[PDB]
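Student: My structure is below; once you've seen it, I'll send some questions.
A short reminder: the numbers here are calculations on the coordinates, not readings from a lab. For neighbour counting, all protein chains shown are included, and Cβ atoms are generated from backbone atoms with ideal geometry for every residue, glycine included.
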4 protein chains.
Amino acid sequence: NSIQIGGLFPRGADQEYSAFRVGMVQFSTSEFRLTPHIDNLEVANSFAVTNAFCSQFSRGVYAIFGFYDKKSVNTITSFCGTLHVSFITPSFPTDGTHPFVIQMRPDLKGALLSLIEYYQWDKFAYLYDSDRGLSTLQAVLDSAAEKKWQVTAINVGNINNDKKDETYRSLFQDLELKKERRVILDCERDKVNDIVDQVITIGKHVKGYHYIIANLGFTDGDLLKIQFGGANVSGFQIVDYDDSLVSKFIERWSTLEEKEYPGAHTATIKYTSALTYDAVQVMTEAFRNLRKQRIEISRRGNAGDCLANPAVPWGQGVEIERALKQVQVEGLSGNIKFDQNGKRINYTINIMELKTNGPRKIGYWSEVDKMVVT
Amino acid sequence: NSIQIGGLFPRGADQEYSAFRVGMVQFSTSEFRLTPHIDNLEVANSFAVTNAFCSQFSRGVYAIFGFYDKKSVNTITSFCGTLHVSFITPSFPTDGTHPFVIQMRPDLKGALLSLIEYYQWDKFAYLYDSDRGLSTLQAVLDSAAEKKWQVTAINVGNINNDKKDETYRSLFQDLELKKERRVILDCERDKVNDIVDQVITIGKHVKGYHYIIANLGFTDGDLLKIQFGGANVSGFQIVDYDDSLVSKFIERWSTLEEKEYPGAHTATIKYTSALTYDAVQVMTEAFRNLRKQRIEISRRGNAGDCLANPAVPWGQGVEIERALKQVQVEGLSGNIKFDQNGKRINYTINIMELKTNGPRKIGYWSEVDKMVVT
Amino acid sequence: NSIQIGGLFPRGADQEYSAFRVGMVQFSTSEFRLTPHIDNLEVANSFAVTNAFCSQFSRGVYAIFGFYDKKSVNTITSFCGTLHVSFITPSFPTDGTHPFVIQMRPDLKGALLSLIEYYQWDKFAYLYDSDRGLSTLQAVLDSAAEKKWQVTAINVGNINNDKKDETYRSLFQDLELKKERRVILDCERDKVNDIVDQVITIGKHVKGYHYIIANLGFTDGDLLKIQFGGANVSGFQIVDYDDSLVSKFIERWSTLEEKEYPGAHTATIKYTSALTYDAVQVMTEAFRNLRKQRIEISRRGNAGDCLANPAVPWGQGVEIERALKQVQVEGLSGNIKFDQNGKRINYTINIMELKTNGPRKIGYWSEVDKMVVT
Amino acid sequence: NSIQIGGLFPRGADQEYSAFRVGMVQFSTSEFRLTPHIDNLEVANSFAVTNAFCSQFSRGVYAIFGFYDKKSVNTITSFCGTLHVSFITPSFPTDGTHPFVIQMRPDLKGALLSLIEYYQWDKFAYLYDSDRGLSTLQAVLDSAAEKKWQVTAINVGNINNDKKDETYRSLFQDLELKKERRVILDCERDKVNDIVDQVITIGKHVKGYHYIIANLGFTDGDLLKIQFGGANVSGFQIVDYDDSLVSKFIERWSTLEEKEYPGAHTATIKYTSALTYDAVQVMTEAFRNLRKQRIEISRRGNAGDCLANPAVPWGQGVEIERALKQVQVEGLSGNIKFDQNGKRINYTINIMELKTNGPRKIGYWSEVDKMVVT
Ligand SMILES: *[C@@H]1O[C@H](CO)[C@@H](O[C@@H]2O[C@H](CO)[C@@H](O[C@@H]3O[C@H](CO)[C@@H](O)[C@H](O)[C@@H]3O)[C@H](O)[C@H]2NC(C)=O)[C@H](O)[C@H]1NC(C)=O
Ligand SMILES: *[C@@H]1O[C@H](CO)[C@@H](O[C@@H]2O[C@H](CO)[C@@H](O[C@@H]3O[C@H](CO)[C@@H](O)[C@H](O)[C@@H]3O)[C@H](O)[C@H]2NC(C)=O)[C@H](O)[C@H]1NC(C)=O
Ligand SMILES: *[C@@H]1O[C@H](CO)[C@@H](O[C@@H]2O[C@H](CO)[C@@H](O)[C@H](O)[C@H]2NC(C)=O)[C@H](O)[C@H]1NC(C)=O
Ligand SMILES: *[C@@H]1O[C@H](CO)[C@@H](O[C@@H]2O[C@H](CO)[C@@H](O)[C@H](O)[C@H]2NC(C)=O)[C@H](O)[C@H]1NC(C)=O
Ligand SMILES: *[C@@H]1O[C@H](CO)[C@@H](O)[C@H](O)[C@H]1NC(C)=O
């Protein structure tokens, strides 16, 4: 027995594929082993995304895995919902409910707002980038209207990095003269590293400057540059480096080689790779459950073409989606459990603030409870 | 000759299709004829959009006309950029550069910011609809950050129609608590009509209030019910009914036997339908120029399917794009001129206010010259 | 044992006929039956009213039910008082005393004056209509003369359906010039609805104003429009919807169909039709009382001619009149009891105010007690 | 050359009948005679009015002359407008356009308001009655609202004569409490006589108190009872006794005995009787016009009854109306010219003021020209 699955990875995602492969070899069951097809492409390109999706659908896959960007989330969700093909992804949650999509990255708007309230902020600057959607920006603006916050939102995606050296100085001087020492960096890791590099270059990390990084990879990026800068630096993390599961996984990970497993000869892993490991775990758990329920979702023939009119759905896909959204498993990113929509629930987000000795967990955040200080 | 094009009209777009037929029957001549294949679909469904798009592509069409939405713009842009097939649309301009896309709606961020500066505002509210995009919201937020404004951004897109009566009342009660006198409505015609109805019901159209309708169709709405309220109302208009071309078009549009041409037997025309008429005009002009240039654009049924692997485009696409972007003609929207990215330049937006004797054009806005008061 | 009665209804008053039939079937048979002749006409045309009255009298009817207007009240009064034929009517009470006429509508002049005194008005406006007489206008003027008020009486009746908007806008502009915020509407349902639409259009339903609907049909109008404006809206109501009889009737009435009972599928009921129902009850009770007294009212022969000279009145008409004015029952309007002149006594008018949550009763008015607050 | 006309007169009208007979003998042309039938009846009884009208129509009359009051005007107007029978009346004009009715009494609201403005009045009192229509009161109130007047309107037509002492004493005490030295008496002859008697009794007829008699007959009342005292007393006059025609008529009028011509041997004639004489003149000359036009209008006892179903008119009656309403003559009232409605157009109202010596003309009022001074 073997279930065919599809894999989508961007051009430059080596650690994610390495983590997927280690997860496959780890939770591979002798009763049934997944046969994954891996397609490398430009995740921003919707044409390439739909090409790969239709190729996988023609191959007759039961659960598609892969990433999506701001420019392909719509087509991915639309094709999955119309064709009843389950999609598992560690990318940003969709801006609203979307069937047949398994969002494994927990929402961070709640944790970010709780951290702002805990720090008791009234006015700050929101440095955002349109790469993970503007849902966090909308949530911040709505909460600012509710709580009477003086938030100044500045976009950094549109400015070309060539000419974006004087505008950084201008807006930083504006913040300094307005005493806007509180900033939030809602950007991808590369953009966050670029922004903090410019911050150190311009010397805008003096005492009083409280930086908040709105991503789950706080330690995954570079923090040794502002370790002793005397600036309040905070962030969030979904993977805990203390529990036994992640400890043993990291041992088995750093004991690997960087030749056949790129991006695996270190101790610090990315939350995307950890969530891909967790996705392998949830996939094998749900397929095992479906097999144990005496349901053979195996399609007799090929699924056909995606474009073929009228749409060609299949109830085995709905069954696979139902099995996917009914799994409760412990993993690297914490407790894994989903709603009927596909979003992730029952999760804990560890909050840490950078100090001179290093980042240290100042507490944890969940959904059933507000921010907790540890 | 006979050149075949495509159509992606939405399901519920009748006036735009009527304007399309009117433009076809007017600009049609003995030189050549335009044979379109019109598909009525859900512009929000990317799967349906893809089906229609490469259905027309397999039909071997030369250019495509239609609409899109924030949930399907990326699919259209990627498909056109990859298959080199042009796409003329009256929908919102794409947030950035996209080749083989001709956008007929002029940008409104610059005109709106100029109008706000002319009115000398410092604390106002911005009611935006997430179902259409947030480019204008991003622009106004950046300007406020660079000009020290107090913008209260409130989303009115998630408001369902089952209880969209108390929601607006509570929203405006909160605005009154915040002492908000000036409001900017960045919504479509139906949404702004609902907001105006709620404003009138809760009696918030009295003297001392200001409203700015952030859309090109100022006179498209039922603006008569708020005309006698006594509150400042400002907006933008793209079609000048006092122009000879617009008057001559209306002279035939008002007597079009509405049963045959839906939404025609009236003196007002929505800016989307006006841009559809202008799109027919510009397509005819571009094809006439291309043929009169001694260029062979013969194409047979060799297009294949949109998901061909590898996807080889046709060489006539770039020449059609160049011919389409080199058109300088006059229409209902005014002067029509495109840049190297497909966006419109050398255009004029008429800023209007609402008075007790009807709307009046106080001035005009341009991209080379800022707001001008007459 | 069939008792012959008559019926006059206007061309457009169908809910009143529906309520008449509902009462006719509610008290169908106790010890006899009632046989009505229904005649529809223009109630404001005295010739048609006389023709119908003469035809019904020639048909040998015992009592007559029907409406009248300011230009047809005198004819009905004179014919009834000379031919000794009773006339039960829900129309406006006659400006004086008149025999053989039963006026079901309670007087509103006392309640209106008491409400004005309770609100402590000194300067206000009085929008009257030349539709139901100017008796209330004369009473208000006399009271103002005796209490040192400043009444601005304006007629809103002599306007056509071609410049109503302009006329009302000019009237309220003059009202603003005089700085009058307190307004009284002596109009009926349609006229007050038009005035409400116009005042909403000009934006004068906001806080700082006060309107009194001087008619018993407070909730019968469309008060949903001004319920959220923030201005006081008072009124009067004769049917008490949270009663026992009223609730039972509304349950039995909202279940009917508009196909067979026009205007009889709603949770509300106009006071005219309610008084029609109570008139049916009153006539049935009066004839049951006459049967209990064992008096033969059967005519010796044909009634004769309506315009007979000399006019000889049948003596049994006086007994019919006494039975009509002697009955005392409880219905929708409340305690129904008449005096020697046919007017209503021992009645109660429920004063209502239009709050945001809805029209809430604030007290009741009687003839032996002044306005009582609860 | 033999025409039947109908006559309606109140039970107690003598001078009007005498003037009717005077006009009949004075215009008894040898070409044709107008044989009248006189019906004496209580004009305030709509049934009696209808009976007489139906009898006259049944015998086939061509025109009807008579009077009415506020309780019998609608019956006459409706019956005339339905059966197409002309009706000449010196009574008060109807408050609108009523066909087939000739109103020889000129309106007085315009002259009254012109006199008020010429006397420079801002606050005064207006004592009226409900026995001659409320059109003058409505006009006074509308003009007061337009010109910022303070008018005290008090109705004195609802009181009896035994309680008149106390009622009028309280009324004049209230007038003194407002210091009302300027009053307008829009009442009938008996009412104004009682008013002036009570004024003399209280002693308020001293200089300073200004009285205006709002009727055309300022010689019929006790013009000498209140003449002494120096009090301003004004009034109107439609008859001019200095005119040659009026003097020649009254020269015979005085010589006529009282036996067969009641109320004739006097130097003063009521304006109602003057309008009766003018009515005889106008019907006679209109029938001369009809006879000279070569038109046969022969009617006899064949018109049937008034209550015929369906009520069919008789055609040449509209020709009677056209002859009546499209003519101009000279009479006691002056120039007699009617419009398409039936009201006078080119009347000249004279204005009289009272001193201790007696009445004296002040000026004249016309429809095209305002108050005139001499
Ligand atoms: C950077 O991190 C340090 C870590 O201690 C922060 O120090 C303390 O931060 C808290 C809250 O962030 C401050 O409490 C505040 O006190 C003021 C009264 O001065 C009160 O009005 C506020 O509502 C809030 O409770 C606390 O004062 C501050 N200092 C100490 C010694 O505890 C610091 O605030 C962080 N930010 C910056 C810009 O330094
Ligand atoms: C609705 O539109 C009217 C247009 O008349 C607005 O009136 C504006 O009121 C402001 C008051 O702040 C005026 O500004 C003043 O300008 C003078 C001269 O520069 C300056 O000395 C004052 O200190 C003040 O700044 C403004 O001139 C005036 N508009 C015009 C055209 O004169 C009204 O405010 C608008 N309503 C709302 C709610 O925005
Ligand atoms: C509308 O209603 C309010 C509240 O009842 C009125 O305000 C009151 O006015 C009276 C004078 O008549 C004062 O004595 C009270 O103090 C006021 N407040 C309250 C809470 O009663 C108001 O006058 C009414 N009319 C208008 C035009 O606003
Ligand atoms: C009554 O008549 C007298 C004289 O005809 C009026 O007396 C003067 O009228 C003028 C008119 O504008 C006033 O300016 C004077 O002040 C009046 N003088 C006096 C002593 O009264 C008088 O106004 C008329 N009306 C009344 C009510 O007396
Ligand atoms: C803009 O359009 C107008 C009208 O066609 C034209 O006269 C003008 O030259 C254009 N401007 C430029 C810069 O081409």
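Student: Among the residues of the range B:193-202, is any away from ligand 4 (no atom under 16 Å from the Cβ), closer than 26 Å to B:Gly334 by Cβ and β-branched (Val, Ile, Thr)? If you could, list the steps in order and put the result at the bottom.
Tutor: If we filter the range B:193-202 for residues that are away from ligand 4 (no atom under 16 Å from the Cβ), which is where we start, we get B:193-202.
Then keep just the ones that are closer than 26 Å to B:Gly334 by Cβ; that gives B:193.
Still in the list and also β-branched (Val, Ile, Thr): none.
Checked the range B:193-202: no residue is away from ligand 4 (no atom under 16 Å from the Cβ), closer than 26 Å to B:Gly334 by Cβ and β-branched (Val, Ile, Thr).
Student: Continuing with this model, one more query. Of the conditions (1) surrounded by fewer than 16 Cβ atoms within 10 Å (Cβ to Cβ); (2) closer than 30 Å to B:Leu275 by Cα; (3) more than 10 Å from every other protein chain (Cβ to nearest Cβ), B:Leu127 satisfies every one except a single condition; which number is it?
Tutor: Of everything listed in (1) surrounded by fewer than 16 Cβ atoms within 10 Å (Cβ to Cβ); (2) closer than 30 Å to B:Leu275 by Cα; (3) more than 10 Å from every other protein chain (Cβ to nearest Cβ), B:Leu127 misses just condition (1).
Student: All but one of (1) crowded, with 18+ Cβ neighbours inside 10 Å; (2) away from every other protein chain (no Cβ under 14 Å) hold for B:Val329; state the number of the condition that does not hold.
Tutor: (1)
Student: I've got another one for you. Scan the range B:231-288 for residues that are more than 30 Å from B:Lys204 (Cα to Cα) and touching a helix residue (DSSP H, G or I) at 6+ places or on another chain (Cβ under 6 Å) and jot them down.
Tutor: B:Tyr261, B:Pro262, B:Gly263, B:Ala264, B:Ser273, B:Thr276, B:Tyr277, B:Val280, B:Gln281, B:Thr284, B:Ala286 - these are the residues of the range B:231-288 that are more than 30 Å from B:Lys204 (Cα to Cα) and touching a helix residue (DSSP H, G or I) at 6+ places or on another chain (Cβ under 6 Å).
Student: Here are some residues: D:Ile116, D:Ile159. Which one is more than 11 Å from chain C (Cβ to nearest Cβ) and closer than 23 Å to C:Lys147 by Cβ? Outline the logic, then answer.
Tutor: Values: D:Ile116 fails: closer than 23 Å to C:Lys147 by Cβ.
Checking each option against the conditions leaves just D:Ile159.
Student: Also, I was wondering about something else. Could you check B:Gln103 against (1) within 14 Å of another protein chain (Cβ to nearest Cβ); (2) touching a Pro at 6+ places or on another chain (Cβ under 6 Å) and say which number it fails?
Tutor: Going through (1) within 14 Å of another protein chain (Cβ to nearest Cβ); (2) touching a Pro at 6+ places or on another chain (Cβ under 6 Å) one by one, B:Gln103 breaks only (1).
Student: When only residues in the range B:310-326 that are in a loop (DSSP other than H, G, I, E, B) and surrounded by 15 or more Cβ atoms within 10 Å (Cβ to Cβ) count, which is farthest from ligand 5 (Cβ to nearest atom)? Don't jump to the end; show me each part of the working.
Tutor: Just the residues of the range B:310-326 that are in a loop (DSSP other than H, G, I, E, B), to begin with: B:310-315, B:325-326.
Imposing the further condition that a residue be surrounded by 15 or more Cβ atoms within 10 Å (Cβ to Cβ) reduces the set to B:311, B:313-314, B:325.
Details: B:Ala311: 37, B:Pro313: 31, B:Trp314: 32, B:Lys325: 14 Å.
Taking the candidates together, the pick is B:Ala311.
Student: Condition first: touching a residue at least 24 places away in the same chain (Cβ under 8 Å), surrounded by 19 or more Cβ atoms within 10 Å (Cβ to Cβ), away from chain C (no Cβ under 12 Å) and at negative phi. Can you find one or more residues in the range D:134-145 that meet it?
Tutor: So far as the range D:134-145 goes, yes, one or more of its residues are touching a residue at least 24 places away in the same chain (Cβ under 8 Å), surrounded by 19 or more Cβ atoms within 10 Å (Cβ to Cβ), away from chain C (no Cβ under 12 Å) and at negative phi.
Student: Checking D:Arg299 against (1) farther than 21 Å from D:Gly6 by Cα; (2) in contact (Cβ under 8 Å) with a residue 60 or more places away in the chain, which test does it fail?
Tutor: With respect to (1) farther than 21 Å from D:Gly6 by Cα; (2) in contact (Cβ under 8 Å) with a residue 60 or more places away in the chain, D:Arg299 is out only on (1).
Student: I would also like to ask the following. In the range D:146-155, how many residues are in contact with a strand residue (DSSP E or B) (Cβ under 8 Å, 6 or more places away or on another chain) and either surrounded by fewer than 12 Cβ atoms within 10 Å (Cβ to Cβ) or facing chain C (nearest Cβ under 10 Å) (or both)? Step through it out loud before you land on a result.
Tutor: Residues of the range D:146-155 that are in contact with a strand residue (DSSP E or B) (Cβ under 8 Å, 6 or more places away or on another chain), as a first pass: D:149-155.
If we keep only those that are either surrounded by fewer than 12 Cβ atoms within 10 Å (Cβ to Cβ) or facing chain C (nearest Cβ under 10 Å) (or both) too, we end up with D:150-155.
So the count comes out to 6.
Student: Right, next: Would it be correct to say that C:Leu185 is within 13 Å of chain B (Cβ to nearest Cβ) and either among the hydroxyl-bearing types (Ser, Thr, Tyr) or under 30 Å from C:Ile345 (Cα atoms) (or both)? Walk me through it before giving the result.
Tutor: Values: within 13 Å of chain B (Cβ to nearest Cβ): no; either among the hydroxyl-bearing types (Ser, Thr, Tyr) or under 30 Å from C:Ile345 (Cα atoms) (or both): yes.
Here the answer is no, as C:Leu185 does not meet what is asked.
Student: Residues in the range C:347-363: is at least one acidic (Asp, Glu), surrounded by fewer than 21 Cβ atoms within 10 Å (Cβ to Cβ) and outside any strand (DSSP E or B)?
Tutor: From the range C:347-363, those acidic (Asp, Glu) are C:353; that's our starting set.
Among the residues that remain, those that are also surrounded by fewer than 21 Cβ atoms within 10 Å (Cβ to Cβ) are: C:353.
If we keep only those that are outside any strand (DSSP E or B) too, we end up with none.
So far as the range C:347-363 goes, no, none of its residues is acidic (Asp, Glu), surrounded by fewer than 21 Cβ atoms within 10 Å (Cβ to Cβ) and outside any strand (DSSP E or B).
Student: Could you grab me the full set of residues in the range D:54-82 that are among the aliphatic types (A, V, I, L, M), over 19 Å from D:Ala286 (Cβ atoms) and without any contact (Cβ under 8 Å) to a residue 60 or more places away in the chain? Please lay out each step first, then the result.
Tutor: Start the filter on the range D:54-82 by keeping residues that are among the aliphatic types (A, V, I, L, M), which leaves D:61, D:63-64, D:73, D:76.
Pick out the ones that are also over 19 Å from D:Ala286 (Cβ atoms) and you get D:73, D:76.
Correct list: D:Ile76 only.
Student: Which of the residues that make up the range B:23-48 are acidic (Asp, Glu) and in contact (Cβ under 8 Å) with a residue 60 or more places away in the chain? Don't jump to the end; show me each part of the working.
Tutor: Of the range B:23-48, the ones acidic (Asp, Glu) are B:31, B:39, B:42.
Within the range B:23-48, just B:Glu31 meets the criteria.
Student: Still on this structure, I have one more. Only one of (1) over 25 Å from D:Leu185 (Cα atoms); (2) in a loop (DSSP other than H, G, I, E, B); (3) polar (S, T, N, Q); (4) free of Cβ contacts under 8 Å to residues at least 60 places away in the same chain fails for D:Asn51. Which number is that?
Tutor: (2)
Student: I would also like to ask the following. I need the full set of residues from the range D:281-314 which are β-branched (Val, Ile, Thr), over 26 Å from the mean Cα position of the chain (by Cα) and away from every other protein chain (no Cβ under 14 Å), in order please.
Tutor: Looking only at the range D:281-314, we keep the residues that are β-branched (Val, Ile, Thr), and these are D:282, D:284, D:295, D:297, D:312.
If we keep only those that are over 26 Å from the mean Cα position of the chain (by Cα) as well, we get D:295, D:297, D:312.
Hits for the range D:281-314 are D:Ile295, D:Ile297.
Student: Here is a further query. Look through the range B:227-280, keep the residues that are in contact with an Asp or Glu (Cβ under 9 Å, 6 or more places away or on another chain) and within 14 Å of chain C (Cβ to nearest Cβ), and return whichever of them is nearest to ligand 2 (Cβ to nearest atom).
Tutor: Checking each candidate, the answer is B:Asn232.
Student: Looking only at the range A:175-227, which residues are within 15 Å of ligand 1 (Cβ to nearest atom), of a type in the set (A, V, I, L, M, F, W, C) and either touching a residue at least 60 places away in the same chain (Cβ under 8 Å) or surrounded by fewer than 14 Cβ atoms within 10 Å (Cβ to Cβ) (or both)?
Tutor: Within the range A:175-227, A:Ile184, A:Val206, A:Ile212, A:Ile226 meet the criteria.
Student: Restricting to the range D:274-304, name every residue that is outside any helix (DSSP H, G or I) and either basic (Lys, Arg) or surrounded by 19 or more Cβ atoms within 10 Å (Cβ to Cβ) (or both). Steps first, answer last, please.
Tutor: Applying the first criterion (outside any helix (DSSP H, G or I)) to the range D:274-304 yields D:293-304.
The answer is D:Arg294, D:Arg299, D:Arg300, D:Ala303.
Student: Still on this structure, please answer the following. Can you tell me how many residues within the range B:71-92 are more than 13 Å from chain A (Cβ to nearest Cβ) and either closer than 16 Å to B:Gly7 by Cα or part of a strand (DSSP E or B) (or both)?
Tutor: Number satisfying all stated conditions: 6.
Student: Which one is farthest from the other protein chains (Cβ to nearest Cβ) among residues in the range C:57-70 that are surrounded by fewer than 21 Cβ atoms within 10 Å (Cβ to Cβ) and in a loop (DSSP other than H, G, I, E, B)?
Tutor: It comes out as C:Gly60.
Student: Okay, moving on. Keeping to the range A:310-350, report how many residues are without any contact (Cβ under 8 Å) to a residue 60 or more places away in the chain and over 28 Å from A:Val246 (Cβ atoms).
Tutor: Going through the range A:310-350 one residue at a time, the tally reaches 4.
Student: Is it fair to say D:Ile212 is β-branched (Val, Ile, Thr) and within 14 Å of another protein chain (Cβ to nearest Cβ)?
Tutor: Numbers: β-branched (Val, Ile, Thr): yes; within 14 Å of another protein chain (Cβ to nearest Cβ): no.
So D:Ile212 does not fit the description; no.
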